[PDB]
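Those letters in the sequence shown? Residues 10 to 222, 244 to 673, 679 to 851, by the entry's author numbering.
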Amino acid sequence: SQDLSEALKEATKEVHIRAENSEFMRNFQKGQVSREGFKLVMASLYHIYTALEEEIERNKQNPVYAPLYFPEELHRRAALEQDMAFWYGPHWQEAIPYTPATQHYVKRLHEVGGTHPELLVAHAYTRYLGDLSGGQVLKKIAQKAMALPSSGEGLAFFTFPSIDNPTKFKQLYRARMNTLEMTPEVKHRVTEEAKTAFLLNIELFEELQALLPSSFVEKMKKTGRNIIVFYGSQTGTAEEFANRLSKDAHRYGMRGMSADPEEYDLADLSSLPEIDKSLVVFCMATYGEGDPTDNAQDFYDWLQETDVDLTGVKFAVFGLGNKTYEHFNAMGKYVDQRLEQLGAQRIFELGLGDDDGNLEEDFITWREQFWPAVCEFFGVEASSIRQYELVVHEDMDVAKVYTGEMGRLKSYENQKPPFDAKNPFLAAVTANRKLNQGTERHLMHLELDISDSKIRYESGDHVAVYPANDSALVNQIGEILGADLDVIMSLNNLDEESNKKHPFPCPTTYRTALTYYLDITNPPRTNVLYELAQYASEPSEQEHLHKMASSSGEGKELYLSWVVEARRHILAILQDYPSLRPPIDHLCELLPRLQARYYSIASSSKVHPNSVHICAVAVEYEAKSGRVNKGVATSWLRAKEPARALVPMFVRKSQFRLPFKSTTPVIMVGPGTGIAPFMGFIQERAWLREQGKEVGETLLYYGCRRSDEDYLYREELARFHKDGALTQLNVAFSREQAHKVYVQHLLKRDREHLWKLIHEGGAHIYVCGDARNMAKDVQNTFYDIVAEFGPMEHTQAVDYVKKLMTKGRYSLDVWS
Ligand SMILES: Cc1cc2nc3c(=O)[nH]c(=O)nc-3n(C[C@H](O)[C@H](O)[C@H](O)COP(=O)(O)OP(=O)(O)OC[C@H]3O[C@@H](n4cnc5c(N)ncnc54)[C@H](O)[C@@H]3O)c2cc1C
Ligand code: HEM
Ligand SMILES: Cc1cc2nc3c(=O)[nH]c(=O)nc-3n(C[C@H](O)[C@H](O)[C@H](O)COP(=O)(O)O)c2cc1C
């Protein structure tokens with residue numbers, strides 16, 4: 010094609026199929042990889058990436074490669090050195106081999122980097138994009154094939170800690186490649202060089218291959255079990271979840287085991303009701319086009335054409351899936367509905383794990399709410415189960431106690447670089463002023479001083495902040511609970527084979543854990559209610575806490591209506607249920623951890639290198655329980671005054692980026708707080724105009740209610756517009772007349788100019804904000820613009836916009 014990304018993909022179409030169909034790669038996909046061949050390919054990759062990044066640094070400022078210089082995100086030589094130290098011992102330097110094909114690849118890399126840098130892209134692509142695609146799965150295979158530690162040792166080459174979203178980063182990289190200005194003959198040479206790189210990898214793989222040459247029901251009956259957890263897994267994730275679920279069966283009064291439905295025939299499940307209250311749980315991963323895992327095939331087919339009655343069987347299903355597949359969790363949903371229709375009764379709602387989001391936390395949530403449901407559906411053991419042991423340190427020096435820090439002891443005081451999620455930097459609150467002009471809601475512009483923190487950031491990157499719950503809430507909880515909050519204590523995990531030895535940094539006081547470590551504002555989960563049920567003296571409240579710990583009957587309805595809809599925090603529950611008198615150590619054991627909150631950076635580092643600007647709306651509402659609830663992070667930051680008030684924060688890289696060429700036009704859409712990152716963009720753009728660089732058009736599409744209410748940055752945006760930095764300033768006011776006006780209408784208004792920019796000027800579209808379904812609205816608006824002004828059918832216009840998305844030109848930064 011015309012654009013470099015599409016042209017390279019079309020050129021490598023065939024050699025990619027040939028590469029992934031190489032004998033070694035096919036054996037890798039099936040999981041049949043050996044440690045020796047893996048060491049061989051890893052050493053070869055060490056040599057190859059060393060040569061490649063050597064030439065990259067040699068040409069990191071040559072215009073034929075400069076847009077592709079992402080050392081902090083893509084480079085692999087350090088991770089490959091770590092993996093060589095792992096796989097080849099401490100003296101890996103002299104032990105790793107250097108195969109002839111590896112030498113040929115390195116020689117071609119050096120030839121390119123030395124006398125033909127315009128072709129270097131073709132190699133980088135061939136490697137780096139490839140590492141961001143299949144590489145995410147291969148690791149999950151190796152972790153099981155070679156059995157490596159879960160810490161990722163030996164697989165650091167497959168880990169990109171600075172790439173939060175690999176798909177969006179591949180979009181950005183495609184955009185940077187399309188930035189490369191080149192003659193068509195140079196483009197053809199580049200495609201041929203990408204073919205050459207693929208062929209080098211293919212023959213490397215070829216050479217490396219040349220250097221290699244009973245009834246389960248009656249068994250539970252004969253072993254005394256009542257819980258069995260079948261798993262349908264291919265890369266071990268469902269195995270992990272099923273084994274972790276079986277381990278906790280012995281820790282609730284029952285006992286359970288895992289099971290592979292590839293060695294049993296599940297027709298035996300017909301004779302399962304003959305066990306004194308038993309449960310059958312499935313952890314089913316889905317693959318292909320909604321097809322089951324291989325081991326579950328015999329299961330799946332058996333589910334198809336059968337109707338053997340299994341009345342009395344109690345079951346529960348959890349599905350491992352991924353939202354980006356248009357067959358989401360087909361296997362889990364199928365097993366769930368088929369088991370229901372066959373005559374079994376369900377105990378807990380089917381879980382739908384999302385690999386696109388967070389599968390581990392999803393499974394943790396599902397299990398946390400799952401166990402109390404089974405408990406209160408089968409009866410009770412007086413809730414006689416614990417997880418942490420309390421140890422009170424009545425005499426202890428203060429330099430040994432955690433006072434609120436997140437990483438190492440006293441890390442908040444001896445602040446030493448680097449700073450990240452585990453060691454946040456305590457930024458100084460420079461400014462904290464009100465952006466909102468009215469009185470409906472509070473919107474604030476904070477400035478964090480990170481002067482000597484050595485922290486870098488770009489416009490569009492995010493800043494996360496560790497807040498602290500309101501101290502009045504902590505004091506009230508301590509009073510009503512009748513417990514001393516200044517008691518230095520610790521909670522030690524008695525499950526030895528777990529690195530997680532504490533529910534939060536210990537030793538520390540109950541007050542510190544309630545202020546900085548525990549979320550005491552979000553609605554309580556089912557598990558904490560079922561565990562507090564044993565501390566309710568009145569039966570009219572103990573039975574209420576018991577019923578609110580199940581998925582069936584009036585229980586789930588009452589839980590959703592009284593705790594979820596009303597949004598009652600733990601203090602409100604202790605108030606409305608005066609019988610609850612639990613110990614504070616158990617409450618600390620049960621309460622979830624206080625999470626950090628992210629915000630879009632509202633400043634360009636090119637004009638504010640030692641400060642990070644945040645634009646945030648304060649969360650504060652009247653809950654249906656009468657009580658007024660305050661957002662943790664927003665109120666916490668609002669309380670920060672320049673009279679030194681520190682904020683523990685860190686910076687997470689995002690793929691939201693301005694175009695590399697200053698001449699490229701931008702179309703930013705951000706109603707409300709979604710203006711935050713663009714406030715940075717414009718600044719940088721303005722700065723680029725001050726440096727004498729030719730800057731293209733810059734269009735902003737902001738949206739608010741009334742011009743006198745919540746017009747954010749009105750004066751700054753006006754100054755930007757009159758200085759010429761901001762080309763157009765189109766604001767939609769949703770409450771300034773009869774019919775409301777949104778930014779989609781303003782886009783539809785400027786359809787002709789927008790199309791001319793997109794088609795003739797190669798513009799970049801940006802969308803940001805927490806506005807409801809705003810994404811699809813702007814998306815359909817651009818669909819219609821492209822369909823009309825580019826003589827296109829609707830289908831080809833939607834494909835045009837999705838292509839823009841692929842080329843890294845239609846970017847999103849939405850939240851909720
Ligand atoms: C990448 C990313 C970027 C972000 N950028 C920004 C930004 O630039 N500016 C900004 O302000 N926020 C931004 N956010 C959101 C931010 O992280 C927080 O979610 C938000 O600021 C609230 O934080 P909080 O701790 O004060 O509220 P929390 O203590 O976390 O409570 C929030 C909960 O309160 C509930 N709630 C809120 N209002 C009501 C209501 N009327 N009635 C009933 N329930 C209600 C909701 O269920 C909500 O989930 C971003 C989030 C992400 C993931
Ligand atoms: C295990 C074998 C392999 C598998 C399963 C595999 C799988 C994939 C998949 C699924 C994609 C699409 C990702 C996307 O565009 O969203 C992809 C693209 C790609 N793969 Fe492969 N791949 C394999 C081998 C290789 C090898 C050996 C290389 C080169 C060293 C490579 C280079 C690429 C590149 C560069 C892309 C990006 C193409 C583009 O979008 O322009 N792949 N691969
Ligand atoms: C080839 C392949 C196909 C997949 N297809 C789907 C799918 O169709 N629907 C879905 O929800 N998830 C799909 N996934 C996501 C997996 O279900 C998800 O990664 C799951 O956690 C894997 O479980 P396991 O590692 O235990 O085998 C697919 C994954 C792969 C590698």
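By construction, the Cβ of each residue, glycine as well, lies at the ideal position given by its N, Cα and C atoms.
Inset, instruction - Please state if the CB of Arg-376 and the CB of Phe-348 are separated by a distance shorter than 9 angstroms. - result: no
Legend entry - Contacting residues, own chain, Cβ-Cβ under 8 angstroms from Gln-467 (five flanking each side not counted): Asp-743, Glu-744, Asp-745, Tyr-746, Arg-749
Legend entry - Reduced DSSP secondary structure (H/G/I, E/B, other) of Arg-770: coil
Inset, instruction - Check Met-809 in the structure and name its three-state DSSP category. - result: helix
Legend entry - Sequence-distant residues of its chain with Cβ nearer than 6 angstroms to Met-809 (five each side left out): none
Legend entry - Opening and closing residue of the alpha helix (DSSP H) in which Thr-59 lies: 44 to 67
Legend entry - Buried or exposed by the 16-neighbour rule on C-beta atoms within 10 Å, applied to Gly-262: buried
Inset, instruction - Spell out a yes or no on whether the stretch 680 to 687 and the stretch 482 to 493 are touching, meaning 3 or more CB-CB pairs, one atom from each, closer than 8 angstroms. - result: yes
Legend entry - Same chain only: Cβ atoms within 7 angstroms of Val-558, ignoring 5 sequence neighbours per side: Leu-620, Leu-621
Inset, instruction - Please name the residue in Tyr-137, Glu-29, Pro-222, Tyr-107 whose C-alpha comes closest to that of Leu-77. - result: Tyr-137
Inset, instruction - Put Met-426 into one of helix, strand or coil per three-state DSSP. - result: coil
Legend entry - Beta-carbon separation (whole angstroms), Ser-14 vs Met-186, contact threshold 8 angstroms: 5 angstroms
Legend entry - CB contact flag (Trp-666, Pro-497, <9 angstroms): yes
Legend entry - Beta-carbon proximity check, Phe-713 vs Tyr-801, cutoff 9 angstroms: yes
Legend entry - residue 239 versus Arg-807 - alpha carbon distance: Coordinates for residue 239 are absent; the numbering of the chain skips from 222 straight to 244.
Inset, instruction - Examine ligand 3 and report whether any of its heavy atoms sits within less than 8 angstroms of the Cβ of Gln-367. - result: no
Legend entry - First through last residue of the beta strand (DSSP E) which encompasses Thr-433: It is not in any beta strand (DSSP E) - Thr-433 carries neither H nor E in the DSSP assignment.
Inset, instruction - Take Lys-177 as the anchor and find which of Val-849, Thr-841, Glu-66, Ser-851 has the nearest alpha-carbon. - result: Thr-841
Inset, instruction - Specify whether the stretch 434 to 447 and the stretch 633 to 645 touch according to this definition: at least 3 beta carbon pairs, one from each stretch, less than 8 angstroms apart. - result: no
Inset, instruction - Inspect the CB distances between the stretch 702 to 713 and the stretch 763 to 782 and report whether three or more fall short of 8 angstroms. - result: yes
Legend entry - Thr-733 burial status per 10 Å Cβ neighbour count (16 or more: buried): buried
Legend entry - Spatially closest choice to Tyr-835 from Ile-820, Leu-847, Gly-254, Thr-433, by CA coordinates: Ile-820
Inset, instruction - Evaluate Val-658 with the Cβ neighbour count: other Cβ atoms within 10 Å of its Cβ, from every protein chain shown; 16 or more gives buried, anything less gives exposed. - result: exposed
Inset, instruction - Measure the C-alpha to C-alpha separation of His-280 and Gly-286 and round it to an integer number of angstroms. - result: 6 angstroms
Inset, instruction - Report the partner residues of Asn-523 according to the DSSP bridge assignment. - result: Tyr-418
Legend entry - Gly-383 (DSSP reduced to helix, strand or coil): strand
Legend entry - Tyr-355 Cβ short of 8 angstroms to ligand 3 heavy atom set: yes
Inset, instruction - Would you kindly check if the distance between the Cβ of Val-338 and the Cβ of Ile-258 is under 9 angstroms? - result: no
Inset, instruction - Check each residue's C-beta against every heavy atom of ligand 2 and list, in chain order, those closer than 5 angstroms. - result: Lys-18, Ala-28, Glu-29, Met-34, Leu-138, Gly-139, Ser-142, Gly-143, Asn-210
Legend entry - Residues near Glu-470 by beta carbon distance below 8 angstroms, same chain, minus five either side: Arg-740, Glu-744, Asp-745
Inset, instruction - For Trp-850, count neighbouring C-beta atoms within 10 Å of its own C-beta (all shown protein chains included) and say buried if the count is 16 or more, exposed if not. - result: exposed
Legend entry - Option nearest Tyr-487 by Cα separation, candidates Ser-630, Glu-725, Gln-772, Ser-567: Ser-630
Inset, instruction - Verify the contact flag: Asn-352, CB atom, against every heavy atom of ligand 3, threshold strictly below 8 angstroms. - result: yes
Inset, instruction - Give every residue of the same chain whose Cβ lies closer than 6 angstroms to the Cβ of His-475, excluding the five residues on either side of it in the sequence, and list them in chain order. - result: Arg-463, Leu-465, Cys-645
Legend entry - Test item: CB-CB of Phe-166 and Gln-145 under 9 angstroms: no
Inset, instruction - Between the Cα of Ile-65 and those of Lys-48, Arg-85, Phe-47, spot the shortest distance and give me the residue it belongs to. - result: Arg-85
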